[PDB]
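Undergrad: Need coordinates for the below:
(2 chains)
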Amino acid sequence: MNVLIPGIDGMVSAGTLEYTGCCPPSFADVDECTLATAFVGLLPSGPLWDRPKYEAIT
Amino acid sequence: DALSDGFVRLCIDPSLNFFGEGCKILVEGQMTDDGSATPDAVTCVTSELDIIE
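TA: Numbering: from 1, shown residues only, chains lettered A, B, ... in the order given. Pasting the structure now:
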């Protein structure tokens, strides 16, 4: 007694696995504003890069 | 800058050419009417790109 749904092998019963938590962020996540500002972090640090890195509005 | 980290604080001089300003050379000569410089008055000359004007 478990409902039963369809499959390439007949009428198999189904279920649900537990949410692991891992799963790399996929295409939906990649965003322009979200990584344009992230790419500012690849720059060095110092009195030449600190204020420009702080005022970078997008 | 408040965003800095250390304590040694660099303050670069507004402009370069410090090395000079002790060997002033005055060139005197005539000019045409195209120029916009006032006659009979010494004026500093920075670079070469704006002497024709």
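
Undergrad: how near is whatever residue of chain A ends up closest to chain B to residue B:12?
TA: Residue nearest to chain B within chain A (CB to the nearest CB): residue A:50, separated by 4.2 Å. In this view, the C-beta of every residue, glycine as well, is placed from N, C-alpha and C. Separation of residue A:50 from residue B:12 (CB to CB, to the nearest Å): 15 Å.

Undergrad: higher neighbour count, those two?
TA: Taking other CB atoms under 10 Å in any protein chain shown, residue A:50 and residue B:12 do not tie; residue A:50 has more neighbours (16 against 7).

Undergrad: With adjacent residues omitted, what lies nearest to the more buried one?
TA: residue B:3 (4.2 Å; CB to CB, 6 or more residues apart in numbering or on different chains).

Undergrad: Which stretches in chain A count as helices?
TA: A:32-36, A:50-54 (DSSP state H).

Undergrad: Mean neighbour count, the ones you listed: which tops it?
TA: helix A:50-54 (a mean of 13; mean count of other CB atoms under 10 Å in any protein chain shown).

Undergrad: What are the neighbouring residues in contact with the residue nearest the centre of chain A?
TA: With distances taken as CA atoms, centre = their mean, residue A:25 lies nearest the centre of chain A, 2.3 Å away. Counting by CB atoms under 8 Å, 6 or more residues apart in numbering or on different chains, residue A:25 touches no other residue.
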